[PDB]
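Only one chain is shown below, in structure tokens, and it's the form deposited in one PDB entry.
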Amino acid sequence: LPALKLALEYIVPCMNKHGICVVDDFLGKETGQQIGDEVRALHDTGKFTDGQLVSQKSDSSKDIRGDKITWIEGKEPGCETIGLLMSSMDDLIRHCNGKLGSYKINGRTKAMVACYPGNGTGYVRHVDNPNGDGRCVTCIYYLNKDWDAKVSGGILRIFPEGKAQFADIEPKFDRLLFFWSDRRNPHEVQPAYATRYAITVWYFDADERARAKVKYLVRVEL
């Protein structure tokens, strides 16, 4: 689909109704696999962190580490398709502008590329923006070809505010996910038993981020 049709006819109404929106086959197999290739290249060349310290043993050789991070601006050599992805996310958001909540999105973060190494680690339940830091939408792109969560785990489980039920999102290849970043969407990553990659950017609301800057401060000489 074109960004505009998908945004107007699916993403906006879905986000406003549920605060979670799943878009399958966002870029298609060729581009998706190119992104996968770049992400794996970054991994294989050591551009990721060693991963979140999960268990700190008395000894450190047996330390267990979870999700590995790298921040990608999108102009880096070898990250050209990632930059293409980020631009396509941005086009999708731009063609929603004004219609997602009352938010006026005026910026985003760089891309946080995560790699769960497949050793059983996941990510604890949390809220992305609990303190009013300006992030209003979480956007995640999944690159894991033929992911079977029944075997490999790694479901993102969201606990939408004031609902008994979970929303389980499998980290399926070429899948794009949006959710409100605030307390309406606590979530966790269930233990991943295979290598799981995802690419996250957060979009800022202009007003929230403007007054976050006020409360959190940016110093000029007298």
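Shifts are known only where both forms have a C-alpha. We call the rigid core the largest set of C-alpha positions that still match within 1.5 Å between the two forms. Quick note: we count residues from 1 along the sequence shown, nothing fancier.
Another form, the form deposited in another entry, is not on view; read the next lines as being about it.
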If you line up the core, which of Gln190, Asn185, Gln52, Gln33 has a CA that moves 2 Å or more between this form and the one not shown?
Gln52
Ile69: after superposing the rigid core, is there a C-alpha shift of 2 Å or more between this form and the one not shown?
no
Taking the shown form as reference, are the C-alpha positions of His126 and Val54 brought closer or pushed farther apart in that other deposited form, with a change of 3 Å or more?
closer
So the CA-CA distance for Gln52 and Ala194 moves by at least 3 angstroms in that other deposited form. Closer or farther than here?
farther
Where the Cα shift reaches 2 Å or more for at least three residues in a row, which ranges qualify between this form and the one not shown on a rigid core fit?
50-66, 162-165, 213-217
